[PDB]
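Here is the file model.txt (compact mmCIF, C-alpha atoms and all ligand atoms).
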# COMPACT_ATOMS: atom_id res chain seq x y z
CA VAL Y 1 14.60 -5.89 -11.58
CA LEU Y 2 14.50 -2.05 -11.24
CA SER Y 3 17.46 0.07 -12.37
CA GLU Y 4 19.01 2.43 -9.79
CA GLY Y 5 17.55 5.25 -11.89
CA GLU Y 6 14.05 3.78 -11.44
CA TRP Y 7 14.68 3.38 -7.64
CA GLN Y 8 15.71 7.09 -7.42
CA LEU Y 9 12.39 8.17 -9.09
CA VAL Y 10 10.62 5.96 -6.56
CA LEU Y 11 12.49 7.40 -3.59
CA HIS Y 12 12.26 11.01 -4.84
CA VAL Y 13 8.46 10.91 -4.78
CA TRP Y 14 8.53 9.00 -1.46
CA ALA Y 15 10.58 11.86 0.03
CA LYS Y 16 7.50 14.10 -0.65
CA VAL Y 17 5.14 11.54 0.94
CA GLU Y 18 7.34 11.75 4.07
CA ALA Y 19 6.58 15.50 4.44
CA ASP Y 20 3.23 14.31 5.80
CA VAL Y 21 2.89 10.56 5.81
CA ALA Y 22 -0.34 10.83 7.91
CA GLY Y 23 -2.11 13.01 5.26
CA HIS Y 24 -0.95 10.75 2.37
CA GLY Y 25 -2.11 7.60 4.26
CA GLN Y 26 -5.61 9.07 4.76
CA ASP Y 27 -5.90 9.96 1.05
CA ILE Y 28 -4.67 6.54 -0.03
CA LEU Y 29 -6.79 4.43 2.35
CA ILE Y 30 -9.87 6.50 1.60
CA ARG Y 31 -9.23 6.25 -2.14
CA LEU Y 32 -8.96 2.44 -1.84
CA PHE Y 33 -12.11 2.14 0.23
CA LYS Y 34 -14.12 4.44 -2.08
CA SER Y 35 -12.84 2.84 -5.32
CA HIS Y 36 -13.26 -0.74 -4.06
CA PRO Y 37 -15.67 -0.80 -1.12
CA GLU Y 38 -15.24 -4.61 -0.69
CA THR Y 39 -11.72 -3.94 0.63
CA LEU Y 40 -13.13 -2.06 3.63
CA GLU Y 41 -14.99 -5.22 4.70
CA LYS Y 42 -11.60 -6.82 5.54
CA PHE Y 43 -11.16 -4.29 8.31
CA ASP Y 44 -13.16 -5.23 11.36
CA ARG Y 45 -11.84 -2.06 13.04
CA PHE Y 46 -13.00 0.27 10.19
CA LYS Y 47 -15.89 -1.37 8.35
CA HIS Y 48 -18.52 0.62 10.34
CA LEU Y 49 -17.27 3.89 8.73
CA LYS Y 50 -20.08 4.95 6.36
CA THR Y 51 -18.72 8.04 4.59
CA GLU Y 52 -15.51 9.82 3.56
CA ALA Y 53 -16.16 12.40 6.25
CA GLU Y 54 -16.29 9.65 8.90
CA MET Y 55 -13.09 8.15 7.40
CA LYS Y 56 -11.33 11.58 7.49
CA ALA Y 57 -12.29 12.09 11.13
CA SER Y 58 -11.08 8.60 12.25
CA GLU Y 59 -7.94 9.06 14.35
CA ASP Y 60 -7.42 5.24 14.28
CA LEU Y 61 -7.67 5.12 10.46
CA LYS Y 62 -5.08 7.89 10.26
CA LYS Y 63 -2.82 6.02 12.66
CA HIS Y 64 -3.17 2.85 10.57
CA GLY Y 65 -2.40 4.81 7.38
CA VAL Y 66 0.90 5.87 8.93
CA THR Y 67 1.71 2.25 9.90
CA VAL Y 68 0.95 1.06 6.34
CA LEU Y 69 2.88 3.74 4.49
CA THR Y 70 5.91 3.49 6.85
CA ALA Y 71 6.06 -0.31 6.29
CA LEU Y 72 5.83 0.25 2.48
CA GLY Y 73 8.43 2.96 2.70
CA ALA Y 74 10.87 0.64 4.51
CA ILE Y 75 10.36 -1.90 1.71
CA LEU Y 76 10.94 0.62 -1.10
CA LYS Y 77 14.11 1.90 0.62
CA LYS Y 78 15.47 -1.64 0.35
CA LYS Y 79 15.33 -1.27 -3.45
CA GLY Y 80 14.25 -4.88 -3.94
CA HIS Y 81 16.26 -6.47 -1.05
CA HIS Y 82 13.09 -6.70 1.05
CA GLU Y 83 12.95 -10.37 1.92
CA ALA Y 84 13.07 -9.72 5.71
CA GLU Y 85 10.35 -7.04 5.49
CA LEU Y 86 8.03 -9.07 3.33
CA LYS Y 87 8.10 -12.21 5.56
CA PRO Y 88 5.92 -10.94 8.49
CA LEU Y 89 3.77 -8.88 6.11
CA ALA Y 90 3.07 -11.81 3.81
CA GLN Y 91 2.31 -14.05 6.79
CA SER Y 92 -0.21 -11.67 8.39
CA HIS Y 93 -1.92 -10.64 5.12
CA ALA Y 94 -2.16 -14.24 3.92
CA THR Y 95 -3.13 -16.04 7.16
CA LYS Y 96 -4.65 -13.48 9.54
CA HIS Y 97 -6.15 -10.80 7.23
CA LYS Y 98 -6.60 -12.92 4.03
CA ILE Y 99 -5.89 -10.26 1.42
CA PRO Y 100 -6.04 -11.51 -2.18
CA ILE Y 101 -3.43 -10.23 -4.64
CA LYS Y 102 -6.33 -8.62 -6.44
CA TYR Y 103 -6.72 -6.31 -3.42
CA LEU Y 104 -2.96 -5.56 -3.38
CA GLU Y 105 -3.44 -4.45 -6.99
CA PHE Y 106 -6.25 -2.13 -5.78
CA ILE Y 107 -4.12 -0.40 -3.08
CA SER Y 108 -1.29 -0.14 -5.68
CA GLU Y 109 -3.78 1.76 -7.89
CA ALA Y 110 -4.78 3.97 -4.90
CA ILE Y 111 -1.16 4.79 -4.21
CA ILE Y 112 -0.48 5.75 -7.81
CA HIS Y 113 -3.69 7.81 -8.02
CA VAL Y 114 -2.81 9.84 -4.92
CA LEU Y 115 0.81 10.43 -5.91
CA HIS Y 116 -0.33 11.41 -9.45
CA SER Y 117 -2.73 13.90 -7.88
CA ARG Y 118 -0.53 15.34 -5.06
CA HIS Y 119 2.93 15.25 -6.76
CA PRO Y 120 2.86 16.21 -10.44
CA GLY Y 121 6.37 17.68 -9.83
CA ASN Y 122 7.79 14.25 -8.92
CA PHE Y 123 5.26 11.91 -10.57
CA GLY Y 124 5.44 12.41 -14.31
CA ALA Y 125 5.17 9.46 -16.71
CA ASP Y 126 8.68 8.13 -16.05
CA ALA Y 127 8.33 8.40 -12.27
CA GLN Y 128 4.89 6.73 -12.34
CA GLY Y 129 6.31 3.88 -14.43
CA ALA Y 130 9.12 3.38 -11.89
CA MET Y 131 6.62 3.34 -8.99
CA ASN Y 132 4.43 0.87 -10.94
CA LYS Y 133 7.51 -1.32 -11.49
CA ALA Y 134 8.34 -1.18 -7.76
CA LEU Y 135 4.78 -2.02 -6.71
CA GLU Y 136 4.58 -4.84 -9.27
CA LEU Y 137 7.87 -6.29 -7.83
CA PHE Y 138 6.34 -6.00 -4.37
CA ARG Y 139 3.14 -7.86 -5.45
CA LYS Y 140 5.17 -10.53 -7.33
CA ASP Y 141 7.38 -11.23 -4.27
CA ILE Y 142 4.31 -11.22 -1.94
CA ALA Y 143 2.46 -13.56 -4.28
CA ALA Y 144 5.42 -16.01 -4.19
CA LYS Y 145 5.48 -15.86 -0.37
CA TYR Y 146 1.70 -16.35 -0.25
CA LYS Y 147 2.16 -19.57 -2.21
CA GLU Y 148 4.95 -20.76 0.13
CA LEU Y 149 2.64 -20.01 3.12
CA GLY Y 150 -0.21 -22.04 1.59
CA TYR Y 151 -2.48 -19.16 0.47
CA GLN Y 152 -3.54 -19.02 -3.21
CA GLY Y 153 -3.99 -15.22 -2.99
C1 LIG Y 201 1.09 -1.97 0.22
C2 LIG Y 201 0.29 -2.89 0.71
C3 LIG Y 201 0.11 -3.10 2.15
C4 LIG Y 201 0.92 -2.78 3.22
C5 LIG Y 201 2.36 -2.27 3.18
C6 LIG Y 201 0.21 -3.12 4.40
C7 LIG Y 201 0.79 -2.96 5.67
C8 LIG Y 201 0.14 -3.32 6.81
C9 LIG Y 201 0.73 -3.29 8.06
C10 LIG Y 201 2.13 -2.86 8.41
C11 LIG Y 201 -0.21 -3.77 8.94
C12 LIG Y 201 -0.02 -3.93 10.43
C13 LIG Y 201 0.80 -5.18 10.77
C14 LIG Y 201 0.25 -6.42 10.13
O1 LIG Y 201 -0.84 -6.92 10.53
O2 LIG Y 201 0.92 -6.97 9.22
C15 LIG Y 201 -1.38 -4.07 8.20
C16 LIG Y 201 -2.52 -4.57 8.75
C17 LIG Y 201 -3.64 -4.89 7.99
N1 LIG Y 201 -3.73 -4.83 6.66
FE1 LIG Y 201 -2.42 -4.26 5.40
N2 LIG Y 201 -1.02 -3.57 4.08
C18 LIG Y 201 -1.14 -3.58 2.73
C19 LIG Y 201 -2.22 -3.98 1.95
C20 LIG Y 201 -3.44 -4.39 2.48
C21 LIG Y 201 -4.65 -4.49 1.76
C22 LIG Y 201 -4.77 -4.26 0.26
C23 LIG Y 201 -5.63 -4.91 2.68
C24 LIG Y 201 -7.09 -5.15 2.54
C25 LIG Y 201 -7.77 -4.91 1.44
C26 LIG Y 201 -4.98 -4.94 3.96
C27 LIG Y 201 -5.62 -5.27 5.13
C28 LIG Y 201 -5.02 -5.21 6.39
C29 LIG Y 201 -5.79 -5.53 7.62
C30 LIG Y 201 -7.28 -5.95 7.69
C31 LIG Y 201 -4.91 -5.35 8.60
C32 LIG Y 201 -5.19 -5.47 10.08
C33 LIG Y 201 -5.80 -4.08 10.48
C34 LIG Y 201 -6.08 -3.94 11.98
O3 LIG Y 201 -5.22 -3.66 12.85
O4 LIG Y 201 -7.20 -4.18 12.40
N3 LIG Y 201 -3.65 -4.60 3.80
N4 LIG Y 201 -1.16 -3.81 6.86
NA NA Y 202 3.60 19.42 3.95
Please re-express this file's structure in structure tokens.
Amino acid sequence: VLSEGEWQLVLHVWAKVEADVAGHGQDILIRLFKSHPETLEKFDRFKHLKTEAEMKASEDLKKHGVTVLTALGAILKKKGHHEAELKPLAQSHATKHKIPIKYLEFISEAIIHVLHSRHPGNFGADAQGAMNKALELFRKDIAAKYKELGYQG
């Protein structure tokens, strides 16, 4: 369980993300796909993209980035009371997309990397630790839901 103090570090960096969610989503998706190319193969819409330049120029990738980060934002803003938000997300990522927890760990890493790089003013050691705690809570709750849904993750 996160303290309120930890949630405020989380939401204070998220407020900077929200200056330009589209830009942050591009950086984060591209970071994921470059760091762990196997993750791109899960995307039938995007797996043809060969290079970072092609990724940067993809209007649909940018759109998806916004979808992803807005969903994650809505979860974080619940400060752990995210049962309703996680249900549809768990069901799609388990049953339709088939995303192992391992890959959730990878996008968590991508998120932290990008925030560390873009927001040194709001992502010092304490803030990063809070965000890590929030993303670990997220993955823990998702993993539990995966199991309920019949997916080993
Ligand atoms: C913070 C973690 C994540 C969030 C908040 C997130 C959020 C979303 C949302 C909102 C959608 C659209 C609605 C849906 O189908 O549920 C989506 C679709 C999808 N997600 Fe995720 N996602 C996350 C992690 C992942 C990861 C790590 C992968 C793969 C490595 C992945 C693969 C997909 C795929 C393949 C789709 C369908 C894309 C399409 O429209 O063709 N997601 N995600
Ligand atoms: Na800006």
Just the residues within 12 Å of residue 144 in chain Y, please, counting only C-alpha atoms, with nothing from its chain fewer than 4 positions along; format it as a compact mmCIF listing (two decimals) with C-alpha atoms, keeping the file's coordinate frame.
# COMPACT_ATOMS: atom_id res chain seq x y z
CA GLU Y 83 12.95 -10.37 1.92
CA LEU Y 86 8.03 -9.07 3.33
CA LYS Y 87 8.10 -12.21 5.56
CA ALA Y 90 3.07 -11.81 3.81
CA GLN Y 91 2.31 -14.05 6.79
CA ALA Y 94 -2.16 -14.24 3.92
CA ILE Y 101 -3.43 -10.23 -4.64
CA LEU Y 137 7.87 -6.29 -7.83
CA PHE Y 138 6.34 -6.00 -4.37
CA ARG Y 139 3.14 -7.86 -5.45
CA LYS Y 140 5.17 -10.53 -7.33
CA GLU Y 148 4.95 -20.76 0.13
CA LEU Y 149 2.64 -20.01 3.12
CA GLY Y 150 -0.21 -22.04 1.59
CA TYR Y 151 -2.48 -19.16 0.47
CA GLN Y 152 -3.54 -19.02 -3.21
CA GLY Y 153 -3.99 -15.22 -2.99
List every protein, DNA or RNA residue with an atom no more than 12 Å from (7.6, -0.8, -9.3) in the file's coordinates, counting all atoms listed in the file, and format the result as number ranges by chain.
Y: 1-11, 72, 75-76, 79-80, 105, 108-109, 111-112, 126-141
Protein and nucleic acid residues near (-5.3, 5.7, -1.3) (cut-off 10 Å, all atoms listed in the file) as a list in words
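It turns out the residues near that spot are residues 24, 25, 26, 27, 28, 29, 30, 31, 32, 33, 34, 35, 65, 106, 107, 108, 109, 110, 111, 112, 113, 114 and 115 of chain Y.
Among the candidate residues Y:20, Y:47, Y:74, Y:13, the one lying nearest to ligand NA 202 (chain Y) is Y:20, with distances computed using all atoms listed in the file.
Proximity ranking of Y:104, Y:89, Y:119, Y:77 relative to ligand NA 202 (chain Y) places Y:119 first, based on all atoms listed in the file.
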Counting only C-alpha atoms and all ligand atoms, what are the residues, protein, DNA or RNA alike, that approach ligand LIG 201 (chain Y) to within 7 Å? I want them as a list in words.
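My answer, listing the contacting residues, is residues 39, 40, 42, 43, 44, 45, 67, 68, 69, 71, 72, 88, 89, 92, 93, 97, 99, 103, 104, 106, 107 and 108 of chain Y.
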Two-atom distance - CA of residue 55 in chain Y, CA of residue 22 in chain Y (Å)
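Computed distance, CA of residue 55 in chain Y to CA of residue 22 in chain Y, equals 13.0 Å.
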Mind dumping a table of every chain Y residue within 10 Å of ligand NA 202 (chain Y), with the nearest atom pair and its distance in Å to one decimal, using all atoms listed in the file, sorted by chain and rising number, as CSV?
residue,atom,partner,partner_atom,distance
Y:16,CA,Y:NA202,NA,8.0
Y:17,CA,Y:NA202,NA,8.6
Y:18,CA,Y:NA202,NA,8.5
Y:19,CA,Y:NA202,NA,4.9
Y:20,CA,Y:NA202,NA,5.4
Y:21,CA,Y:NA202,NA,9.1
Y:23,CA,Y:NA202,NA,8.7
Y:24,CA,Y:NA202,NA,9.9
Distance in Å - CA of residue 12 in chain Y versus CA of residue 122 in chain Y
6.9 Å
Report, in Å with one decimal, the straight-line distance from CA of residue 60 in chain Y to CA of residue 48 in chain Y.
12.7 Å
Of the candidates Y:38, Y:73, Y:143, Y:46, which shows the shortest atom-to-atom distance to residue 61 in chain Y, using all atoms listed in the file?
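The shortest atom-to-atom distance to residue 61 in chain Y comes from Y:46.
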Written record: range 110-145 of chain Y, N, CA, C and O atoms, as a PDB file, in the first residue's frame:
ATOM      1  N   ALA Y 110      10.124   1.173 -19.173  1.00  0.00           N
ATOM      2  CA  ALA Y 110      10.082   2.189 -20.276  1.00  0.00           C
ATOM      3  C   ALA Y 110       9.522   3.486 -19.713  1.00  0.00           C
ATOM      4  O   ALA Y 110      10.094   4.584 -19.930  1.00  0.00           O
ATOM      5  N   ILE Y 111       8.473   3.353 -18.890  1.00  0.00           N
ATOM      6  CA  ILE Y 111       7.844   4.507 -18.301  1.00  0.00           C
ATOM      7  C   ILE Y 111       8.828   5.227 -17.383  1.00  0.00           C
ATOM      8  O   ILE Y 111       8.972   6.457 -17.422  1.00  0.00           O
ATOM      9  N   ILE Y 112       9.477   4.454 -16.526  1.00  0.00           N
ATOM     10  CA  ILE Y 112      10.436   5.030 -15.587  1.00  0.00           C
ATOM     11  C   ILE Y 112      11.589   5.689 -16.356  1.00  0.00           C
ATOM     12  O   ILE Y 112      12.030   6.760 -15.971  1.00  0.00           O
ATOM     13  N   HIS Y 113      12.082   5.042 -17.421  1.00  0.00           N
ATOM     14  CA  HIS Y 113      13.223   5.541 -18.147  1.00  0.00           C
ATOM     15  C   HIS Y 113      12.896   6.938 -18.712  1.00  0.00           C
ATOM     16  O   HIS Y 113      13.725   7.882 -18.633  1.00  0.00           O
ATOM     17  N   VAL Y 114      11.703   7.053 -19.302  1.00  0.00           N
ATOM     18  CA  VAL Y 114      11.283   8.256 -19.988  1.00  0.00           C
ATOM     19  C   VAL Y 114      11.066   9.398 -18.989  1.00  0.00           C
ATOM     20  O   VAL Y 114      11.492  10.561 -19.252  1.00  0.00           O
ATOM     21  N   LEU Y 115      10.384   9.090 -17.877  1.00  0.00           N
ATOM     22  CA  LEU Y 115      10.163  10.077 -16.849  1.00  0.00           C
ATOM     23  C   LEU Y 115      11.517  10.507 -16.254  1.00  0.00           C
ATOM     24  O   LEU Y 115      11.718  11.693 -16.022  1.00  0.00           O
ATOM     25  N   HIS Y 116      12.406   9.542 -15.967  1.00  0.00           N
ATOM     26  CA  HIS Y 116      13.749   9.899 -15.482  1.00  0.00           C
ATOM     27  C   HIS Y 116      14.459  10.875 -16.437  1.00  0.00           C
ATOM     28  O   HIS Y 116      15.099  11.839 -16.005  1.00  0.00           O
ATOM     29  N   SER Y 117      14.293  10.649 -17.741  1.00  0.00           N
ATOM     30  CA  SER Y 117      14.967  11.430 -18.732  1.00  0.00           C
ATOM     31  C   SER Y 117      14.315  12.818 -18.933  1.00  0.00           C
ATOM     32  O   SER Y 117      15.054  13.876 -18.907  1.00  0.00           O
ATOM     33  N   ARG Y 118      12.980  12.863 -19.007  1.00  0.00           N
ATOM     34  CA  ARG Y 118      12.238  14.101 -19.329  1.00  0.00           C
ATOM     35  C   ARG Y 118      12.067  14.992 -18.086  1.00  0.00           C
ATOM     36  O   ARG Y 118      11.970  16.195 -18.254  1.00  0.00           O
ATOM     37  N   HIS Y 119      11.952  14.406 -16.879  1.00  0.00           N
ATOM     38  CA  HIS Y 119      11.457  15.126 -15.699  1.00  0.00           C
ATOM     39  C   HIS Y 119      12.372  14.990 -14.491  1.00  0.00           C
ATOM     40  O   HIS Y 119      11.933  14.658 -13.377  1.00  0.00           O
ATOM     41  N   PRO Y 120      13.662  15.367 -14.618  1.00  0.00           N
ATOM     42  CA  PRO Y 120      14.537  15.329 -13.461  1.00  0.00           C
ATOM     43  C   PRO Y 120      14.021  16.238 -12.338  1.00  0.00           C
ATOM     44  O   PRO Y 120      14.318  15.961 -11.176  1.00  0.00           O
ATOM     45  N   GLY Y 121      13.213  17.256 -12.662  1.00  0.00           N
ATOM     46  CA  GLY Y 121      12.670  18.173 -11.644  1.00  0.00           C
ATOM     47  C   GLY Y 121      11.617  17.533 -10.746  1.00  0.00           C
ATOM     48  O   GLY Y 121      11.375  18.028  -9.580  1.00  0.00           O
ATOM     49  N   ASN Y 122      10.946  16.496 -11.264  1.00  0.00           N
ATOM     50  CA  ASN Y 122       9.858  15.815 -10.572  1.00  0.00           C
ATOM     51  C   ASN Y 122      10.072  14.300 -10.510  1.00  0.00           C
ATOM     52  O   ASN Y 122       9.147  13.551 -10.120  1.00  0.00           O
ATOM     53  N   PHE Y 123      11.285  13.839 -10.829  1.00  0.00           N
ATOM     54  CA  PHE Y 123      11.573  12.412 -10.824  1.00  0.00           C
ATOM     55  C   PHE Y 123      12.990  12.163 -10.286  1.00  0.00           C
ATOM     56  O   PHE Y 123      13.759  11.384 -10.859  1.00  0.00           O
ATOM     57  N   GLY Y 124      13.265  12.728  -9.104  1.00  0.00           N
ATOM     58  CA  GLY Y 124      14.370  12.296  -8.280  1.00  0.00           C
ATOM     59  C   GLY Y 124      14.137  10.910  -7.691  1.00  0.00           C
ATOM     60  O   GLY Y 124      13.162  10.267  -7.982  1.00  0.00           O
ATOM     61  N   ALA Y 125      15.047  10.493  -6.814  1.00  0.00           N
ATOM     62  CA  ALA Y 125      15.094   9.129  -6.297  1.00  0.00           C
ATOM     63  C   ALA Y 125      13.791   8.800  -5.560  1.00  0.00           C
ATOM     64  O   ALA Y 125      13.254   7.720  -5.738  1.00  0.00           O
ATOM     65  N   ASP Y 126      13.308   9.716  -4.711  1.00  0.00           N
ATOM     66  CA  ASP Y 126      12.096   9.455  -3.971  1.00  0.00           C
ATOM     67  C   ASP Y 126      10.873   9.310  -4.903  1.00  0.00           C
ATOM     68  O   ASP Y 126      10.014   8.399  -4.695  1.00  0.00           O
ATOM     69  N   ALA Y 127      10.763  10.218  -5.879  1.00  0.00           N
ATOM     70  CA  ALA Y 127       9.672  10.204  -6.801  1.00  0.00           C
ATOM     71  C   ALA Y 127       9.704   8.924  -7.647  1.00  0.00           C
ATOM     72  O   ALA Y 127       8.638   8.368  -7.965  1.00  0.00           O
ATOM     73  N   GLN Y 128      10.904   8.482  -8.066  1.00  0.00           N
ATOM     74  CA  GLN Y 128      11.029   7.298  -8.897  1.00  0.00           C
ATOM     75  C   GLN Y 128      10.574   6.079  -8.093  1.00  0.00           C
ATOM     76  O   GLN Y 128       9.914   5.226  -8.619  1.00  0.00           O
ATOM     77  N   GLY Y 129      11.007   5.998  -6.832  1.00  0.00           N
ATOM     78  CA  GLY Y 129      10.613   4.957  -5.921  1.00  0.00           C
ATOM     79  C   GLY Y 129       9.097   4.892  -5.713  1.00  0.00           C
ATOM     80  O   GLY Y 129       8.510   3.777  -5.699  1.00  0.00           O
ATOM     81  N   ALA Y 130       8.452   6.054  -5.580  1.00  0.00           N
ATOM     82  CA  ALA Y 130       6.975   6.077  -5.517  1.00  0.00           C
ATOM     83  C   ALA Y 130       6.351   5.536  -6.812  1.00  0.00           C
ATOM     84  O   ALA Y 130       5.408   4.749  -6.741  1.00  0.00           O
ATOM     85  N   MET Y 131       6.842   5.964  -7.973  1.00  0.00           N
ATOM     86  CA  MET Y 131       6.299   5.524  -9.244  1.00  0.00           C
ATOM     87  C   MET Y 131       6.514   4.006  -9.386  1.00  0.00           C
ATOM     88  O   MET Y 131       5.628   3.307  -9.873  1.00  0.00           O
ATOM     89  N   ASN Y 132       7.698   3.514  -8.997  1.00  0.00           N
ATOM     90  CA  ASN Y 132       7.983   2.090  -9.025  1.00  0.00           C
ATOM     91  C   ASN Y 132       6.963   1.350  -8.145  1.00  0.00           C
ATOM     92  O   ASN Y 132       6.394   0.313  -8.557  1.00  0.00           O
ATOM     93  N   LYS Y 133       6.708   1.884  -6.955  1.00  0.00           N
ATOM     94  CA  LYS Y 133       5.761   1.269  -6.031  1.00  0.00           C
ATOM     95  C   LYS Y 133       4.371   1.223  -6.694  1.00  0.00           C
ATOM     96  O   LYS Y 133       3.679   0.206  -6.666  1.00  0.00           O
ATOM     97  N   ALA Y 134       3.959   2.316  -7.332  1.00  0.00           N
ATOM     98  CA  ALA Y 134       2.653   2.360  -7.962  1.00  0.00           C
ATOM     99  C   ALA Y 134       2.527   1.374  -9.128  1.00  0.00           C
ATOM    100  O   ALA Y 134       1.491   0.702  -9.264  1.00  0.00           O
ATOM    101  N   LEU Y 135       3.578   1.264  -9.957  1.00  0.00           N
ATOM    102  CA  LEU Y 135       3.593   0.354 -11.046  1.00  0.00           C
ATOM    103  C   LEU Y 135       3.703  -1.094 -10.562  1.00  0.00           C
ATOM    104  O   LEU Y 135       3.093  -1.987 -11.189  1.00  0.00           O
ATOM    105  N   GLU Y 136       4.417  -1.356  -9.456  1.00  0.00           N
ATOM    106  CA  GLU Y 136       4.450  -2.701  -8.925  1.00  0.00           C
ATOM    107  C   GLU Y 136       3.062  -3.112  -8.414  1.00  0.00           C
ATOM    108  O   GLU Y 136       2.712  -4.264  -8.532  1.00  0.00           O
ATOM    109  N   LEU Y 137       2.332  -2.184  -7.777  1.00  0.00           N
ATOM    110  CA  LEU Y 137       0.964  -2.431  -7.262  1.00  0.00           C
ATOM    111  C   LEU Y 137       0.057  -2.799  -8.428  1.00  0.00           C
ATOM    112  O   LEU Y 137      -0.717  -3.778  -8.358  1.00  0.00           O
ATOM    113  N   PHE Y 138       0.138  -1.970  -9.463  1.00  0.00           N
ATOM    114  CA  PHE Y 138      -0.551  -2.204 -10.730  1.00  0.00           C
ATOM    115  C   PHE Y 138      -0.280  -3.627 -11.249  1.00  0.00           C
ATOM    116  O   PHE Y 138      -1.226  -4.361 -11.555  1.00  0.00           O
ATOM    117  N   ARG Y 139       0.990  -4.020 -11.403  1.00  0.00           N
ATOM    118  CA  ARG Y 139       1.321  -5.349 -11.936  1.00  0.00           C
ATOM    119  C   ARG Y 139       0.838  -6.480 -11.013  1.00  0.00           C
ATOM    120  O   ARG Y 139       0.440  -7.551 -11.486  1.00  0.00           O
ATOM    121  N   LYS Y 140       0.971  -6.283  -9.704  1.00  0.00           N
ATOM    122  CA  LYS Y 140       0.477  -7.251  -8.699  1.00  0.00           C
ATOM    123  C   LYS Y 140      -1.041  -7.466  -8.873  1.00  0.00           C
ATOM    124  O   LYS Y 140      -1.511  -8.600  -8.914  1.00  0.00           O
ATOM    125  N   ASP Y 141      -1.802  -6.368  -8.933  1.00  0.00           N
ATOM    126  CA  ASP Y 141      -3.269  -6.461  -9.037  1.00  0.00           C
ATOM    127  C   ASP Y 141      -3.671  -7.101 -10.393  1.00  0.00           C
ATOM    128  O   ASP Y 141      -4.566  -7.951 -10.443  1.00  0.00           O
ATOM    129  N   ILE Y 142      -2.999  -6.716 -11.481  1.00  0.00           N
ATOM    130  CA  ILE Y 142      -3.198  -7.292 -12.797  1.00  0.00           C
ATOM    131  C   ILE Y 142      -2.886  -8.780 -12.761  1.00  0.00           C
ATOM    132  O   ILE Y 142      -3.639  -9.562 -13.326  1.00  0.00           O
ATOM    133  N   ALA Y 143      -1.756  -9.153 -12.147  1.00  0.00           N
ATOM    134  CA  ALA Y 143      -1.369 -10.550 -12.098  1.00  0.00           C
ATOM    135  C   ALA Y 143      -2.474 -11.358 -11.402  1.00  0.00           C
ATOM    136  O   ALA Y 143      -2.805 -12.453 -11.900  1.00  0.00           O
ATOM    137  N   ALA Y 144      -3.059 -10.806 -10.330  1.00  0.00           N
ATOM    138  CA  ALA Y 144      -4.080 -11.537  -9.566  1.00  0.00           C
ATOM    139  C   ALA Y 144      -5.316 -11.751 -10.452  1.00  0.00           C
ATOM    140  O   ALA Y 144      -5.963 -12.810 -10.403  1.00  0.00           O
ATOM    141  N   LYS Y 145      -5.655 -10.716 -11.226  1.00  0.00           N
ATOM    142  CA  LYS Y 145      -6.813 -10.733 -12.112  1.00  0.00           C
ATOM    143  C   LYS Y 145      -6.558 -11.727 -13.237  1.00  0.00           C
ATOM    144  O   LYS Y 145      -7.460 -12.482 -13.619  1.00  0.00           O
TER     145      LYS Y 145
END
